[PDB]
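# Chain and residue survey
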Amino acid sequence: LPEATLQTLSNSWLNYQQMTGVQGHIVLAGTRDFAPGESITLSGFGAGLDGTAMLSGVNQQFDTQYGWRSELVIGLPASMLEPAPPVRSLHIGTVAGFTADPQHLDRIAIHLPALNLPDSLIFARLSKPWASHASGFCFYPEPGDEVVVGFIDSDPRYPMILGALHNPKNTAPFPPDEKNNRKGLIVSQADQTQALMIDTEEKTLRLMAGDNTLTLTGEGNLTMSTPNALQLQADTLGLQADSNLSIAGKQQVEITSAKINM
Amino acid sequence: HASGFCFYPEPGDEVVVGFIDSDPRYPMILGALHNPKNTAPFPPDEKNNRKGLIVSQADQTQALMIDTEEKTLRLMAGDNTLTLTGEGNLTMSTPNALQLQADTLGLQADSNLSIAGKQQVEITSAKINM
Amino acid sequence: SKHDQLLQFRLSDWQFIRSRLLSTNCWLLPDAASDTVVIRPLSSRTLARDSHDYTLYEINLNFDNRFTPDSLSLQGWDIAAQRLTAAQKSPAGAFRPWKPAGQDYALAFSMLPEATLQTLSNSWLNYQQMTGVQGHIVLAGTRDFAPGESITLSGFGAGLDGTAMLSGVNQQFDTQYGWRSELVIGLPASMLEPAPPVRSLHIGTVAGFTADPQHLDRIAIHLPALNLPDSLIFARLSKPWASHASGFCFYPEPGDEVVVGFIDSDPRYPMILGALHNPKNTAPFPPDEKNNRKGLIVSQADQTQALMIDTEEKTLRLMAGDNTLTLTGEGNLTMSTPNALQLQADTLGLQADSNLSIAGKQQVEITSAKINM
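Note on numbering: positions run from 1 along each chain as its sequence is written and may not match the entry's numbering; residues without coordinates are not listed. As a convention, the first chain written is A and the first ligand written is 1, with the rest following in written order. In this entry, the chains presented are a subset of a larger assembly, and the associated values cover only that subset. Only heavy atoms go into the side-chain values, all of them from the structure, while hydrogens and water stay out.

Structure determination for this entry, per the PDB record, employed cryo-EM and reached 3.4 Å resolution.

## Structural notes on the overall build of chain C
In plain terms, the rule: Helix and strand definitions here come from DSSP, where helices need a minimum of 4 consecutive H or I residues and strands a minimum of 2 consecutive E residues; each element is numbered from the N-terminal end. The atom set for the radius of gyration is the C-alpha atoms, and the globule formula is 2.2 Å times the number of residues raised to the power 0.38. Relative accessibility decides the category of a residue: with a 1.4 Å probe and only protein chains considered, values under 20% of the type maximum give buried, values over 50% give exposed, and everything between is partly exposed. Here the accessible surface of atoms and residues is derived via Shrake-Rupley with a 1.4 Å probe, and residues count as covered only by protein chains that are part of the display. For this count, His and the chain ends are skipped, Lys and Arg are scored as positive, and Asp and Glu as negative. Every charge is mapped to an atom, namely NZ of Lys, CZ of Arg, CG of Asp or CD of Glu.
If you tally the helices and strands in chain C, you get 1 helix and 23 strands. Taking 373 residues into account, the globule formula puts the C-alpha radius of gyration at 21 Å, and chain C, at 36 Å, lies well above it. Relative to its full complement of 373 residues, chain C shows a buried share of 49%. Of the accessible surface of chain C, which amounts to about 18,500 Å², a share of 50% is contributed by carbon and sulfur atoms. Distance between charge centres in chain C, computed from 27 positive and 37 negative side chains, equals 3 Å.

## Let's talk about the state of the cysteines
The condition that has to hold: Put simply, a disulfide is two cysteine sulfurs that come within 2.5 Å.
Throughout the structure, instances matching the rule amount to 0 disulfides over all chains. Left without a disulfide partner, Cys138 of chain A is nearest to the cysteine sulfur of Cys249 of chain C, which lies 19 Å away.

## Section: the sheet that holds strand β14 (residues 233-237) of chain C
Strands in a sheet are paired, the pairing made by backbone hydrogen bonds, and the direction either parallel or antiparallel. Residue and element names in this part refer to chain C. Let me state the cut-off plainly: Strand pairing is assigned whenever DSSP identifies at least 2 bridges connecting the two strands. Fitted lines through C-alpha atoms serve as axes, helices being fitted only where they are in contact, and the angles separating the N-to-C directions of these axes extend from 0 to 180 degrees.
The strand order across the open sheet formed by 5 strands is β12-β15-β16-β14-β13, and the pairing between neighbours is mixed. Of all strands in the sheet, those with a lone pairing partner are β12 (202-204) and β13 (219-221), marking the two edges. Averaged over all neighbouring strand pairs, the angle between strand axes comes to 50°, with direction disregarded. The sheet contact formed by β12 and strand β15 (residues 258-262) spans 3 bridges and is antiparallel. Residue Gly204 lies in a different strand from β15, and its bridge partner there is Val258.

## What to know about the interface of chain B and chain C
Stated precisely, the cut-off is as follows: Should any heavy atoms of two residues lie within 4.5 Å, those residues are considered in contact. What counts as buried area is the accessible surface, traced by a 1.4 Å probe, that two parts surrender upon association, with contributions from both included. A pairing counts as a salt bridge when a side-chain nitrogen of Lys or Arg comes within 4 Å of a carboxyl oxygen of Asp or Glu. Any N or O atom pair separated by 3.5 Å or less is treated as a polar contact, with the protein-specific requirement of one donor-capable and one acceptor-capable atom, and with residues adjacent in sequence counted only for side-chain atom pairs. Residues are grouped as follows: nonpolar covers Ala, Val, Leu, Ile, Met, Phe, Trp, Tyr, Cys and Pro; charged covers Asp, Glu, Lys and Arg; every other residue, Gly included, is treated as polar.
Listed per partner, the contact involves 64 residues of chain B and 78 residues of chain C. For the chain B and chain C pair, buried surface summed over both sides reaches about 5,900 Å², with 59% attributable to carbon and sulfur atoms. Here chain B and chain C share 2 salt bridges between them. The partner of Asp353 of chain C in a salt bridge is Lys118 of chain B, with the nearest N and O atoms 3.3 Å apart. At the boundary of chain B with chain C, the tally comes to 29 residue pairs in polar contact. Elements with a minimum of two residues in the side of chain B that touches chain C: β1 (16-19), β2 (27-31), β6 (98-99), β7 (105-107), β8 (113-115) and β9 (121-122) of chain B. Residue composition of the side of chain B that touches chain C, grouped by class: 32 nonpolar, 24 polar and 8 charged. Summarising the sheet, β8 of chain B and strand β21 (residues 348-350) of chain C pair through 3 bridges and their orientation is parallel. Within the sheet, the bridge partner assigned to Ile115 of chain B lies in β21 of chain C and is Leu350 of chain C.

## Examining the interface of chain C and chain A
Taken together, the contact between chain C and chain A spans 88 residues of the former and 91 residues of the latter. Both faces combined, the contact of chain C with chain A buries some 7,800 Å², and carbon together with sulfur accounts for 60% of it. Here chain C is connected to chain A by 2 salt bridges. The salt bridge involving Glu146 of chain A is made with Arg236 of chain C; its shortest N-O contact spans 3.3 Å. At the boundary of chain C and chain A, one finds 39 residue pairs in polar contact. Mapped onto the side of chain C that touches chain A, the elements with two or more residues apiece are β6 (106-108), β14, β15, β16 (270-274), β20 (341-342), β21, β22 (356-358) and β23 (364-365) of chain C. Classifying every residue of the side of chain C that touches chain A by side-chain character gives 47 nonpolar, 29 polar and 12 charged. Here strand β16 (residues 245-247) of chain A pairs with β23 of chain C via 2 bridges, running parallel. Directly across from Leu245 of chain A, in β23 of chain C, lies its bridge partner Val364 of chain C.

## Overview of the packing of aromatic side chains
For clarity, the cut-off: When the centres of two rings from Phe, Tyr and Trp lie within 6.5 Å, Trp using its six-membered ring, the rings pair. Their planes under 30 degrees apart give stacked, over 60 give edge-to-face, and anything left gives tilted. Look at NZ for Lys and CZ for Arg. If either is within 6 Å of the ring centre and within 35 degrees of the ring normal, a charge sits over the ring.
A full pass over the atoms with the stated rule returns 17 aromatic pairs over all chains. Plain terms: the ring middles of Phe137 of chain A and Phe248 of chain C are 6.5 Å apart, the flat faces sit at 75° to each other, and that makes the pair edge-to-face. Of this pair, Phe137 of chain A sits in the loop between β8 (122-126) and β9 (147-151) while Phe248 of chain C sits in the loop between β14 and β15, placing the two residues on different chains. Both residues of the pair, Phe137 of chain A and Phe248 of chain C, belong to the buried class. Look at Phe109 of chain C and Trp124 of chain C: their rings are 6.4 Å apart centre to centre, the planes differ by 85°, and that puts the pair in the edge-to-face class. Residue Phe109 of chain C is located in the loop between β6 and α1 (118-129), and its partner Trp124 of chain C is located in helix α1; the two are separated by 15 residues in the primary sequence. For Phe109 of chain C, a relative accessible area of 5% translates into the label buried. Taking NZ or CZ as reference, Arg45 of chain C lies 5.2 Å from the ring centre of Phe145 of chain C, over its face.

## Concerning unusual backbone geometry
Residues and elements named next belong to chain C. Positive phi values are uncommon outside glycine, yet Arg10 reaches one of about 55°. Inspection of the secondary structure puts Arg10 in the segment before β1 (26-27). Judged by relative accessible area, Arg10 falls into the exposed class, the value being 52%. Residues other than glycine seldom take positive phi values, yet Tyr177 does so here, at roughly 70°. With respect to the element layout, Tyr177 can be found in the loop between β10 (166-170) and β11 (182-185). With a relative accessible area of 56%, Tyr177 lands in the exposed category.

## Concerning the side chain of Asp212 of chain C
Residues and elements named next belong to chain C. Tracing the sequence through the fold places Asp212 in the loop between β12 and β13. Since its relative accessible area comes to 11%, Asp212 is described here as buried. Only 3.1 Å separates the side chain of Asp212 from the side chain of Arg218, close enough to count as a polar contact. In contact with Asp212, other than residues within four places in its own chain, are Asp217, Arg218 and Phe234.

## Quick notes on the nonpolar core
Basically, it comes down to this: Joining through side-chain atoms within 4.5 Å is the link that ties buried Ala, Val, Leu, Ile, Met, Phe, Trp, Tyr and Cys residues into a set, and such a set is a nonpolar core.
In terms of nonpolar packing, the biggest core is built from 72 residues, with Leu237 of chain A, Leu105 of chain B together with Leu348 of chain C touching the most fellow members. Residues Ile79, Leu120, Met271 and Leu273 of chain C belong to the second largest nonpolar core, which totals 34 residues.

## A closer look at the pairing of β1 of chain B
Residue and element names in this part refer to chain B. Alternating positions in β1 separate cleanly, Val16 and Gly18 being buried on one face and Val17 and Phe19 remaining unburied on the opposite face. Across 4 bridges, β1 lies against β2 in antiparallel orientation. Residue pairing across strands places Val17 opposite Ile29, the latter belonging to β2.

## Digging into the pattern of salt bridges
Once their charged atoms are close, side chains differing in charge can pair, the charge on each being opposite to the other. Counted according to the given criterion, the structure contains 20 salt bridges over all chains. Between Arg25 of chain B and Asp23 of chain B there is a salt bridge, with the nearest N and O atoms lying 3.1 Å from each other. Classification of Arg25 of chain B by relative accessible area gives exposed; the value is 67%. Its relative accessible area of 17% is what places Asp23 of chain B among the buried residues. When the shortest N-O distance is used, the salt bridge between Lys47 of chain B and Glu69 of chain B registers 3.4 Å. With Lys47 of chain B in the loop between β2 and β3 (64-65) and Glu69 of chain B in the loop between β3 and β4 (74-75), this pair connects stretches of sequence that are 22 residues apart. One connected set of salt bridges, linked through shared partners, spans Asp4, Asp212 and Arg218 of chain C.

Shown next as structure tokens:
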């Protein structure tokens with residue numbers, strides 16, 4: 001959407017194409033009584049050329065023969081009919097702090113280093129794989145992330161983040177390597193790495209929180225492994241094992257209940 | 001090959017589309033773009049703490065969440081939260097039954113344990129040692 | 001300096017040369033009557049009104065200053081440092097093509113064309129100087145001139161006196177006028193692109209593994225739009241999240257058919273945007289009406305291992321091959337492993353409201369020091 005309402009730009013293109021309809025020139029002799037917006041009229045002629053015409057410019061043309069001849073100009077040559085001059089490249093930019101959207105979308109304020117504008121901010125749209133109605137991927141990139149930005153319908157006014165691009169100032173959790181075994185997303189603010197990992201060589205699925213790993217290994221074991229307390233509240237929890245069980249504890253073990261069967 | 005992300009967007013999602021080798025005949029979805037007719041689960045905010053994907057069809061929000069301020073990792077199903085908090089606790093917290101079938105499950109704790117239940121507790125087995 | 005990665009993307013092969021001479025501060029000097037070309041960087045005979053040796057007929061000279069800047073301060077985005085490299089301004093008054101005897105241009109790219117932008121900033125400032133003074137000197141019949149001779153005009157008035165550097169010679173044999181070696185001054189115009197732009201989205205396959213010699217994390221791909229099966233092209237990877245030190249980080253497999261866009265319309269910088277399942281790969285489930293199955297999948301040979309969301313059954317199932325955690329909404333929760341499982345904790349306390357059941361076909365040990373009941 002180029003402007004707020006498209007009434008004026010629709011009137012404006014229809015008017016700049018009318019000016020190509022009638023165009024020509026009237027070679028007069030020597031007067032400064034005319035201006036490029038005068039709207040003169042032709043009266044005494046035949047039925048072909050009689051009527052009011054609006055000028056576009058005047059040319060003076062002093063020379064030795066012909067004397068002085070103020071040529072009048074009617075009409076405008078042509079028009080490109082773009083809403084804005086198109087930029088059709090992919091550019092990259094950094095995210096710029098946080099600023100709320102005054103247009104009440106969820107647009108993320110970025111920079112563009114292709115512009116030499118370090119002070120001014122540009123709101124840009126965020127593209128997610130999933131998004132949805134009310135259930136999205138929703139990671140919303142950090143304020144220094146170097147996103148890659150494309151422009152919708154070749155208008156500079158509407159940018160859009162497409163990806164987010166690790167770089168040597170950020171240093172990604174593991175480089176791309178031969179034997180791509182480590183996978184899984186990572187979230188890590190200062191010291192607490194907290195997201196799931198897939199190691200396809202060891203056939204695992206490990207949910208981190210910093211020391212709380214759930215690590216259900218394929219064709220193998222399953223372990224909560226927390227260095228602190230863990231709780232398992234349920235309406236009626238029943239745990240069952242085939243042909244072995246073991247319950248331990250160095251200090252107290254309480255089976256505190258009303259009716260205990262054996 | 002045969003193992004993908006595979007969310008396959010819903011029929012009203014407003015994707016952004018680019019065209020391969022400048023041909024109109026071949027379009028291609030690149031992103032999917034929340035919007036005010038959809039209303040994303042949380043807006044972008046200063047102090048980006050809430051993260052994690054969300055899947056929610058009508059009422060059942062069911063996906064994992066990362067809250068970096070509280071250092072958690074919470075797997076939803078609607079009331080079934082697994083919420084393993086970093087430098088902290090771990091809790092299944094389901095308002096219904098839960099089962100833990102295993103070939104040989106052995107649970108172990110260092111210097112405290114507690115097993116509870118308001119009604120019956122059965123340790124039904126063949127050979128019970130103490 | 002050696003290049004890391006050029007790319008000729010379906011150029012004419014002559015179009016590529018004079019878009020590479022513009023970025024190198026050189027001009028061609030082609031020679032007729034031979035196949036020898038002397039490429040020489042942008043850096044006298046003294047024909048005068050008094051002089052008997054050369055007869056002059058016409059000296060046109062334009063002296064324009066529309067498309068002649070003074071600076072060419074060019075700079076580009078350094079990927080490693082992220083400072084948008086310091087502005088290499090080029091002074092006007094170096095390489096003067098017209099030396100008489102009596103506005104600041106500035107771009108910034110979202111990329112980096114060469115290693116240092118000193119030479120390309122000098123080169124655009126020099127190719128715009130050649131449009132400043134341009135014309136032709138119609139002489140009579142001599143082969144004593146060449147397109148790089150830098151002759152001088154001496155015996156004239158104060159308007160046109162000074163050293164001018166030629167651009168070419170035209171011989172013009174005809175019946176009237178005899179033989180007239182016309183000299184040419186100045187160069188017509190210039191496009192001022194760092195490279196001829198390709199503004200399409202292309203797709204390519206990932207190419208094995210090769211480490212990045214430029215010490216980024218760029219993934220070496222192919223492009224089938226080129227018919228180059230042997231040569232490799234390093235390309236940047238775009239992730240949704242990435243971050244400082246905590247990313248999505250799946251790093252696509254060597255046969256994946258990614259879709260590739262080019263940053264700031266330069267072939268030298270490609271970039272993966274998506275990854276595109278296809279009938280040679282066969283995605284885990286096709287798109288269907290009643291989109292219920294969701295969730296990512298990782299599966300190398302036989303072990304499907306990632307979380308699944310089935311919105312019809314309201315589940316969240318974490319696979320490892322047989323180890324499913326499957327916490328179903330408004331329903332149950334089950335570890336379900338066909339092997340051992342352990343639950344180590346500092347103080348684990350499990351609690352249930354109004355039922356409990358502990359089982360085991362063989363031994364059950366509650367091995368501890370102090371057991372209460």
